[PDB]
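Colleague: The structure's right below; bear with me while I get my questions together.
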Protein chains: 4
Amino acid sequence: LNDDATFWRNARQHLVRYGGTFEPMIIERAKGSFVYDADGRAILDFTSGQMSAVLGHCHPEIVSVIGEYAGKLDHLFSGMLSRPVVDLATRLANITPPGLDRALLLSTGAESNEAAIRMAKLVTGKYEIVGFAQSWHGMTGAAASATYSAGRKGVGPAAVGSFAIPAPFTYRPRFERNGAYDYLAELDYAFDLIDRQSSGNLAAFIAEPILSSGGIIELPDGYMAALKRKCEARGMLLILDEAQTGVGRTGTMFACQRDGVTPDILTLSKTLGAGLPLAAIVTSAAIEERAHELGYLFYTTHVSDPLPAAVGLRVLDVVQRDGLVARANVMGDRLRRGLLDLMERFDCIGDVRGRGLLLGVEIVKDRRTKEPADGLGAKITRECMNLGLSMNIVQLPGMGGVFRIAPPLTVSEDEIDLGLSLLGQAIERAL
Amino acid sequence: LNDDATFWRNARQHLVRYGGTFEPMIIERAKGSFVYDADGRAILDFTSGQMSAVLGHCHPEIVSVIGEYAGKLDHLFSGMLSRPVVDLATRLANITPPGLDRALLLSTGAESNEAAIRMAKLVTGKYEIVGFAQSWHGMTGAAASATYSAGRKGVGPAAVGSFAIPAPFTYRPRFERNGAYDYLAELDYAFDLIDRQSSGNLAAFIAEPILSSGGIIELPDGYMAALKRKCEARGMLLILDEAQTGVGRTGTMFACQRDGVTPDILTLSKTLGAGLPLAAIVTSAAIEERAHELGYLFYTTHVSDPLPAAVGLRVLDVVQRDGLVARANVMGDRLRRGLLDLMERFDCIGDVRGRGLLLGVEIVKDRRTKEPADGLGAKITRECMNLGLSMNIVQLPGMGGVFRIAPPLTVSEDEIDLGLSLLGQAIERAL
Amino acid sequence: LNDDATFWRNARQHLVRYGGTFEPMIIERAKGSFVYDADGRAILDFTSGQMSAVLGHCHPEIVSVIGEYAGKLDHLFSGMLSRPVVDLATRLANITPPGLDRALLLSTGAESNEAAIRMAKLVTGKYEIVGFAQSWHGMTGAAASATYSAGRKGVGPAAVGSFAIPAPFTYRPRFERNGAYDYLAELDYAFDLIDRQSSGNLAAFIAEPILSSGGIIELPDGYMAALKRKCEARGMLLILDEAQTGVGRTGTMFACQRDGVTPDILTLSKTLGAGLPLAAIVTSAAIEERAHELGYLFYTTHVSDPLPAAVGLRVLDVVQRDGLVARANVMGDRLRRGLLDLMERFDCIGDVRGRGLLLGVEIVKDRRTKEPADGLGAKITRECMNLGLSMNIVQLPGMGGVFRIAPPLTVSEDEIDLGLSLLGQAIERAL
Amino acid sequence: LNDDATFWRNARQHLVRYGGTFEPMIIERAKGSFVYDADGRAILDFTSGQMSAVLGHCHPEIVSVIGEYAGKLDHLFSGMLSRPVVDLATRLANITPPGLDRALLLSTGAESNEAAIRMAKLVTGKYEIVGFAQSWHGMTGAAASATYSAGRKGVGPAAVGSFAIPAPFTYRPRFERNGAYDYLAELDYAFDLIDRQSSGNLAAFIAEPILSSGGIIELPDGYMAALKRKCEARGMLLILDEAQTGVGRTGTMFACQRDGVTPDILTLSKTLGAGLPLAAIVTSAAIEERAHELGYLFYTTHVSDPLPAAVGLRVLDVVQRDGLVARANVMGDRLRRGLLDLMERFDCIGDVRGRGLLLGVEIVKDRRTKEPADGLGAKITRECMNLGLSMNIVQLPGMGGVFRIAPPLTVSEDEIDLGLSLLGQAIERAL
Ligand SMILES: Cc1ncc(COP(=O)(O)O)c(CNC(C)(C)C(=O)O)c1O
Ligand SMILES: Cc1ncc(COP(=O)(O)O)c(CNC(C)(C)C(=O)O)c1O
Ligand SMILES: Cc1ncc(COP(=O)(O)O)c(CNC(C)(C)C(=O)O)c1O
Ligand SMILES: Cc1ncc(COP(=O)(O)O)c(CNC(C)(C)C(=O)O)c1O
Ligand SMILES: [K+]
Ligand SMILES: [K+]
Ligand SMILES: [K+]
Ligand SMILES: [K+]
Ligand code: NA
Ligand code: NA
Ligand code: NA
Ligand code: NA
């Protein structure tokens with residue numbers, strides 16, 4: 001039973017609490033799209049852990065590579081090169097759009113954004129960084145100063161030169177022109193302001209192609225191109241954070257591919273490691289060259305460590321081989337439509353959005369007022385659990401509770417249907 | 001041969017350069033205190049990789065646990081608890097001094113210091129952070145603003161409220177009282193200044209018990225206690241960064257134990273993971289409690305992930321069982337004395353310092369002028385390699401080149417003698 | 001002749017150049033609404049110097065008081081009280097709205113805003129300051145960080161916690177709701193953003209009732225009240241900068257009176273001194289009380305100096321006695337209508353705005369495109385001079401050249417007509 | 001009687017309290033080295049007001065010029081040149097050392113330092129500013145961030161890039177080499193630190209030749225030269241703040257003349273205006289030239305206003321004519337020796353320092369412990385008043401109470417003796 005009093009005792013006694021609340025169960029094993037409790041109960045992992053297990057839990061291929069290297073090449077002096085490192089660097093260079101040529105292999109999302117941000121500042125000689133007011137880039141320093149969805153308060157001043165602009169949000173529009181939402185005009189409006197406050201040191205813009213923590217907010221048609229150009233005109237880099245979107249999730253290997261806009265620096269993480277700590281940035285040769293010229297510095301313990309590298313490599317190998325990127329679209333379509341039928345039944349569902357297998361469901365009270373569903377979310381979330389479905393709802397100012405849905409690219413047709421089933425039951429029972 | 005033209009081609013073409021220079025060899029395998037090149041040549045790893053492989057490369061016990069969990073419990077939704085997590089948290093609570101009760105499990109050194117620093121600011125409501133002018137805490141935001149050994153230039157303003165004080169350096173003293181080096185008076189002097197510049201927002205002091213990147217600088221007798229008290233009087237936390245010192249390396253499980261001063265927050269990393277990415281902070285229940293009360297937030301992808309946790313646990317298990325902490329003193333003594341004999345032979349060696357198996361050798365031209373050996377270091381470093389010994393020299397302003405020596409706690413008597421041998425040959429041949 | 005080669009030689013040789021260009025004439029004397037050159041030519045001062053000579057140049061009453069005190073009470077140790085100081089403080093308390101009770105007498109506009117801003121931060125314990133993107137508050141530190149009309153570039157980082165919002169600009173509207181300019185919605189929109197970037201330290205909002213340097217931008221009906229409330233809800237002070245508007249200029253003794261919204265802190269300057277350096281802030285007793293409790297500090301050489309105080313007093317005496325505030329409306333109306341007739345004749349005039357005797361004329365190319373008149377301004381400005389009328393045009397991003405018009409409250413009907421005359425001639429000749 | 005209940009009532013009711021405490025008297029008139037109360041009692045102004053009345057109160061020559069211009073040329077549009085402006089600019093260029101060629105005429109000390117600091121940052125392209133930990137430069141923004149004697153707390157973050165070094169203080173030395181105070185070594189020590197914290201953006205060093213508010217601290221022999229060189233090597237400007245020292249006070253027209261080191265920018269104020277608000281900066285033609293090239297901006301209401309300019313001119317005229325600079329040395333010597341005799345009598349006097357007519361007397365309990373006299377100061381200060389002598393004591397951390405003594409350069413032999421008399425009586429009566 002999950003009830004083990006010693007477990008919970010030691011948990012209460014020795015764990016630092018870092019946000020939210022611990023699920024009152026003890027997880028003992030994980031396989032495929034399922035995690036299992038101490039009673040053996042099976043929970044459908046509709047969030048891929050913390051949106052990382054792209055190939056699911058304990059993917060035989062992953063297992064082998066991990067053991068294959070665990071005992072052969074493990075961790076090395078940061079000045080030593082090895083095969084997995086170089087092969088991954090190359091692979092990344094070969095699968096990302098043209099213009100992205102060089103990679104640095106790290107360990108975490110924030111770490112990746114930090115390295116990117118640092119290189120941007122170096123290269124440009126400037127330091128002001130603009131982001132979305134609903135962004136999420138990490139808990140560390142620079143990453144955190146660019147994160148506006150949460151954590152800004154009670155911890156002192158942000159980094160000098162930090163600005164934000166509103167993100168384009170089609171569901172709840174706020175900027176109009178000739179009776180319509182003109183998300184571009186909004187962009188122009190926003191940048192004018194930026195311009196008026198800048199000190200003449202704009203160095204980069206950092207953005208997620210899809211605002212995950214922000215509520216599964218997809219940047220609408222033409223935006224990125226527009227953005228890009230806004231940067232171009234001001235001598236700024238465009239850093240795209242693809243932690244949740246990279247690696248096939250949204251139906252393309254990378255989200256920037258859909259839009260057809262390649263960034264100056266692209267960051268990867270969660271999905272690249274498939275649950276293990278691997279991260280990376282990829283940039284153009286020129287930028288790397290100038291960064292070098294100027295003595296760029298991003299020296300760590302785990303930069304260029306074989307084990308992870310090796311793992312990142314397998315994962316790409318399999319996504320490609322098993323054609324998971326396509327799959328994403330296919331199961332994505334399946335889940336999407338299923339989500340729409342629920343919306344057909346219940347009025348508490350106000351929006352179904354996302355792309356591929358990165359989907360969001362916005363709970364609302366009045367499907368015409370689009371009034372946030374107060375607590376209803378927690379309830380549903382809660383019944384999903386009782387029911388055996390792991391979910392995650394995000395709640396932000398002025399929006400309704402959002403269910404972030406993101407199963408494994410390896411998810412099965414049956415599991416999809418199964419989640420959809422439990423989701424409906426939880427809903428009806430939650431009302 | 002390490003000469004593989006495709007390897008090097010792809011290395012030149014796709015790797016981002018993050019600091020220093022890549023060793024012109026290809027590493028293919030690692031076992032114990034050795035890493036092997038593409039020709040099979042064996043290199044004695046006298047730096048434990050990037051000072052992490054505490055149990056050496058591919059430690060059978062580590063291997064098993066990694067595989068044992070790789071296929072059983074891998075990565076989880078950050079809200080889910082598991083056994084390895086809770087057991088490690090407990091273990092840490094049980095082996096660290098009294099006053100250290102709760103832990104948060106992360107992935108990297110900088111990440112750990114960031115979480116610590118963030119909690120400090122939260123809890124106190126202040127934001128100014130003091131560190132040593134020769135410090136090294138990480139490449140990310142807050143970690144980097146407190147790092148003064150390198151990387152301050154060309155990347156924009158540091159974090160608001162950043163101060164530094166000189167570290168006590170017995171070899172090259174600079175503060176005198178009644179014809180003698182009074183490192184405490186220096187401390188008092190230093191803090192007065194701080195006090196005069198603070199805005200009334202001092203929140204913490206962050207320090208390494210032994211300045212590794214700073215040149216293997218050990219804080220002298222009574223200092224830490226003094227420091228601690230300096231903080232106490234100003235309502236500041238004392239955060240001890242034990243990334244290179246924690247886990248038995250300096251002869252004690254933790255360096256703060258020797259001095260008999262327990263910090264408000266203690267950070268661990270490199271050594272805890274033994275080459276894998278595991279990190280953590282440990283603090284008092286009260287501080288955790290208040291941090292909670294105020295909504296502390298340090299939510300990441302890999303916080304509380306079973307695999308690493310599991311790995312951290314084994315490592316403690318083995319250090320304890322195999323009595324490596326003691327061993328540290330014993331082989332440490334061996335290596336130390338060996339280092340002294342070389343100093344007896346060559347005049348280029350000006351100091352032999354450190355503790356346990358964290359030793360430094362300061363190369364100097366005039367052993368009376370204590371004039372830095374210009375380039376001589378690089379040479380020796382270079383011959384050690386040709387000879388089959390991996391080394392690392394650090395070079396800072398106003399000091400001589402420093403060889404950071406830190407082999408595995410699992411190192412053998414013979415390997416020690418072997419390194420000492422090659423080290424002498426490299427030296428004599430370098431002159 | 002203004003041609004004096006020694007004059008100009010020494011001018012070129014020893015003057016630091018601080019902005020714009022020196023008028024190629026030498027001024028020898030000033031009386032009423034006129035300044036005279038070296039040839040004796042009379043120039044109508046339609047800008048009241050640098051918008052200060054409210055009673056005109058060398059106002060007999062001013063002259064006497066200056067001499068009356070120059071030889072009786074001059075400058076004192078900042079701890080010594082005197083009559084003029086206390087009488088002025090009282091007068092200000094008696095003529096400003098209720099809620100404004102205590103005054104601090106300074107020397108300059110920026111100085112006044114700085115003291116206000118400092119007190120705000122003290123009292124609230126916060127430090128973030130919001131202003132208009134078209135604001136002007138001074139060249140010194142805090143004053144300058146809140147100034148967004150000019151000077152942000154090439155001089156390093158602004159003050160930490162500096163934000164700006166767009167000012168309501170009826171002529172060139174940019175925010176729409178149901179096909180209309182909803183300046184309030186704009187306000188709400190703007191503050192949401194602020195809110196998302198604040199670190200939880202908003203302390204005050206600083207605003208000019210009429211954006212003078214920003215292009216004579218008047219805050220539209222209901223705005224201030226709205227603003228005020230936006231602050232109220234966030235525990236922020238509202239600091240109103242009345243340097244150009246205070247002292248009768250816009251038809252009321254103070255501009256905040258019209259709107260019927262009294263600020264937490266009100267600043268005065270230019271007009272209060274009538275060309276001499278006198279400045280002041282006025283606040284509520286409570287705020288003063290708490291500021292005191294906390295040890296507010298604003299100690300200077302000229303704080304509470306009799307001469308200026310004395311001068312400030314006379315000026316109030318006369319504005320009141322001669323009923324200049326009313327007059328303002330009357331001549332204001334006269335000038336306004338005259339400005340409209342010109343607009344009736346020429347297409348280059350796109351807007352006539354302002355209040356009282358603080359008027360702006362926006363030059364535009366297409367009176368339907370509202371396309372800025374490129375250079376045309378400089379030309380007109382230039383012919384006004386040749387013609388004997390001193391003017392000032394301000395040029396900002398995205399707007400047309402703006403003529404700031406502000407004659408003395410003592411201006412005569414004939415002078416008004418005279419300026420209007422020359423203004424037309426300059427225009428027609430400029431085309 | 002000073003007792004006027006209405007006066008005090010309105011004082012309590014409408015005055016903002018800005019620091020310290022208001023003298024319980026009402027000043028009605030001021031002439032020469034005396035200010036008079038409401039009872040007619042005469043108070044010897046041993047502080048020249050707030051150290052400004054260099055020619056004393058109501059100096060006939062000053063009076064005339066003020067009236068002479070009050071009615072002829074008063075305040076002008078900042079773009080208009082006039083004779084007094086240009087003549088003063090020239091005069092300053094002619095009386096300051098070589099290398100100082102151009103001037104900008106302002107209104108206040110802080111204002112002057114701000115303009116200087118701003119120009120420094122512009123010209124260099126950097127923003128970090130170093131000052132003394134016992135400095136005083138003004139209450140406004142940048143001026144205040146460089147002020148470390150007081151006001152750093154409770155008002156939010158200082159300006160980004162703010163550093164301080166300890167000032168050389170011969171009386172209470174703290175840095176030793178071969179058993180002696182090596183103020184230069186201290187300098188070297190200090191800058192090393194700075195260097196380690198800078199981000200590579202050091203732009204200027206701002207210093208008072210004599211730390212007035214800091215306790216009358218004179219920079220010892222060779223220091224300034226050393227300082228200068230420290231700057232030179234780092235591409236930094238040296239800005240000398242001569243608000244209390246400029247204009248003959250310390251025995252030279254400017255204090256930088258004694259040392260024989262001319263700064264890159266020199267600021268003047270208090271003394272230049274002789275109680276009226278006039279201020280200025282003086283710099284080299286090159287610096288002005290580059291500042292211009294880059295669009296330096298320091299546009300205010302009172303920049304280049306005739307009245308004050310005119311006043312500044314007379315003052316120079318008289319200092320020169322009446323040979324007050326010499327006088328300074330002569331009466332200075334007189335007062336100095338007189339101060340020494342008191343020290344001969346009382347043990348509470350621990351130091352007599354200063355230069356010319358800018359003298360300090362440090363009160364101490366144990367003339368061997370050099371233990372600060374707790375409150376004794378206030379007492380003496382208090383009896384001086386009862387006795388008819390206005391004084392000022394400054395009290396800083398770790399030092400004894402300091403009497404800042406600075407009478408008018410026009411002071412008489414008898415007044416000097418008179419102050420010395422009362423000072424002794426106050427002392428003996430205070431014990
Ligand atoms: C776009 C993006 N970038 C970086 C990160 C954080 O990376 P690390 O937390 O592993 O350092 C997230 C976070 N993911 C969390 C856990 C915050 C989530 O909300 O799912 C992210 O969304
Ligand atoms: C005390 C201390 N704390 C944190 C870190 C960095 O942790 P990560 O680089 O893994 O984020 C080091 C660095 N170690 C490096 C690689 C910089 C080294 O110099 O050995 C460190 O010394
Ligand atoms: C609202 C407001 N507040 C303060 C000030 C500046 O005061 P000081 O320049 O006298 O320090 C102005 C400026 N007036 C100038 C000269 C900038 C102008 O544009 O007319 C101002 O407009
Ligand atoms: C060196 C120096 N520089 C600037 C200033 C301030 O100028 P303002 O206060 O007139 O703006 C002082 C201050 N004088 C005060 C009143 C603070 C004093 O302590 O005497 C100063 O000492
Ligand atoms: K490594
Ligand atoms: K996790
Ligand atoms: K005064
Ligand atoms: K002027
Ligand atoms: Na590519
Ligand atoms: Na413990
Ligand atoms: Na009132
Ligand atoms: Na000169």
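Chain lettering (A, B, ...) mirrors the order of the structure tokens, residue numbering begins at 1 for each chain separately, and ligand numbering begins at 1 in order of display.
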Give me, as a ChimeraX atom specification, all polymer residues having an atom no more than 8 Å from region 5-9 of chain C, counting only C-alpha atoms and skipping those fewer than 4 positions away in the same chain.

Modeller: /C:13 /D:83,86

Colleague: Take the residues just selected and output them with C-alpha atoms as a PDB file, in the first residue's frame.

Modeller:
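Contents of selection-v2.pdb, as written:
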ATOM      1  CA  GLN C  13      36.456  77.932 -26.970  1.00  0.00           C
TER       2      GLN C  13
ATOM      3  CA  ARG D  83      27.556  87.888 -21.714  1.00  0.00           C
ATOM      4  CA  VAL D  86      30.378  83.465 -21.688  1.00  0.00           C
TER       5      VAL D  86
END

Colleague: What are the residues of chain B lining chain C at 12 Å or less? Count only C-alpha atoms, and put the answer as a list in words.

Modeller: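 The selection requested is residues 125, 126, 156, 157, 158, 159, 160, 161 and 200 of chain B.
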
Colleague: Grab the CA of residue 37 (chain C) to CA of residue 407 (chain C) distance for me, in Å with one decimal place.

Modeller: 18.7 Å

Colleague: Using only C-alpha atoms and all ligand atoms, tabulate the residues of chain C lying at most 7 Å from any atom of ligand 7, each with its closest atom pair and that distance in Å to one decimal, by chain and increasing residue number, as JSON lines.

Modeller:
{"residue": "C:75", "atom": "CA", "partner": "ligand 7", "partner_atom_place_in_ligand_line": "1 (K)", "distance": 5.9}
{"residue": "C:76", "atom": "CA", "partner": "ligand 7", "partner_atom_place_in_ligand_line": "1 (K)", "distance": 4.5}
{"residue": "C:77", "atom": "CA", "partner": "ligand 7", "partner_atom_place_in_ligand_line": "1 (K)", "distance": 4.8}
{"residue": "C:78", "atom": "CA", "partner": "ligand 7", "partner_atom_place_in_ligand_line": "1 (K)", "distance": 3.6}
{"residue": "C:300", "atom": "CA", "partner": "ligand 7", "partner_atom_place_in_ligand_line": "1 (K)", "distance": 6.8}
{"residue": "C:301", "atom": "CA", "partner": "ligand 7", "partner_atom_place_in_ligand_line": "1 (K)", "distance": 4.9}
{"residue": "C:302", "atom": "CA", "partner": "ligand 7", "partner_atom_place_in_ligand_line": "1 (K)", "distance": 4.3}
{"residue": "C:303", "atom": "CA", "partner": "ligand 7", "partner_atom_place_in_ligand_line": "1 (K)", "distance": 4.8}
{"residue": "C:304", "atom": "CA", "partner": "ligand 7", "partner_atom_place_in_ligand_line": "1 (K)", "distance": 4.9}
{"residue": "C:305", "atom": "CA", "partner": "ligand 7", "partner_atom_place_in_ligand_line": "1 (K)", "distance": 4.7}

Colleague: With only C-alpha atoms as the counted atoms, please give the residues lying no more than 6 Å from region 169-181 of chain C, apart from itself and same-chain residues fewer than 2 positions off, as a PDB file with C-alpha atoms, in the first residue's frame.

Modeller:
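Done, and the output landed in around.pdb:
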ATOM      1  CA  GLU A 176      -8.229  45.080 -31.947  1.00  0.00           C
ATOM      2  CA  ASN A 178     -11.219  47.395 -37.538  1.00  0.00           C
ATOM      3  CA  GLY A 179     -13.247  45.257 -35.237  1.00  0.00           C
TER       4      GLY A 179
ATOM      5  CA  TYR C 183      -7.810  55.060 -23.811  1.00  0.00           C
TER       6      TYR C 183
END

Colleague: Compute the set of protein, DNA and RNA residues whose minimum atom distance to ligand 4 is at most 9 Å, using only C-alpha atoms and all ligand atoms, and state it as a ChimeraX atom specification.

Modeller: /C:77-78,107,111,298-303 /D:47,50-52,107-113,135-140,143,207-214,241-245,267-270,277,279,394,404

Colleague: Please find the residues contacting ligand 9 at a distance of at most 12 Å between atoms, with only C-alpha atoms and all ligand atoms counted, and report them as an MDAnalysis selection string.

Modeller: (chainID A and resid 89:103 254 257 262:266 282:285) or (chainID B and resid 13:14)

Colleague: For region 396-403 of chain A, please output as a PyMOL selection string all residues within 6 Å (counting only C-alpha atoms; exclusion window: fewer than 6 positions along the same chain).

Modeller: chain A and resi 215+360-364+372-373+377

Colleague: Export N, CA and C atoms of the chosen residues as a compact mmCIF listing (two decimals), in the first residue's frame?

Modeller:
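Okay, this is what ended up in part.txt:
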# COMPACT_ATOMS: atom_id res chain seq x y z
N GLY A 215 0.07 27.92 -20.92
CA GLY A 215 -1.28 27.43 -21.20
C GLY A 215 -1.46 26.84 -22.58
N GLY A 360 -3.72 21.19 -25.31
CA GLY A 360 -4.26 21.85 -24.14
C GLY A 360 -5.80 21.88 -24.15
N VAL A 361 -6.39 21.75 -22.97
CA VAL A 361 -7.84 21.80 -22.83
C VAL A 361 -8.17 22.87 -21.78
N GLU A 362 -8.77 23.98 -22.21
CA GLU A 362 -9.10 25.08 -21.30
C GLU A 362 -10.48 25.00 -20.67
N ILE A 363 -10.50 24.76 -19.37
CA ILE A 363 -11.73 24.66 -18.62
C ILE A 363 -12.27 26.04 -18.27
N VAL A 364 -13.55 26.22 -18.58
CA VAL A 364 -14.25 27.49 -18.38
C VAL A 364 -15.66 27.25 -17.83
N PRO A 372 -13.23 31.61 -16.31
CA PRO A 372 -12.45 30.56 -15.70
C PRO A 372 -13.24 29.67 -14.77
N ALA A 373 -12.96 28.37 -14.87
CA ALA A 373 -13.60 27.41 -14.01
C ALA A 373 -12.79 27.36 -12.74
N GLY A 377 -11.31 22.52 -12.21
CA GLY A 377 -10.11 21.88 -12.71
C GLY A 377 -9.57 20.88 -11.69
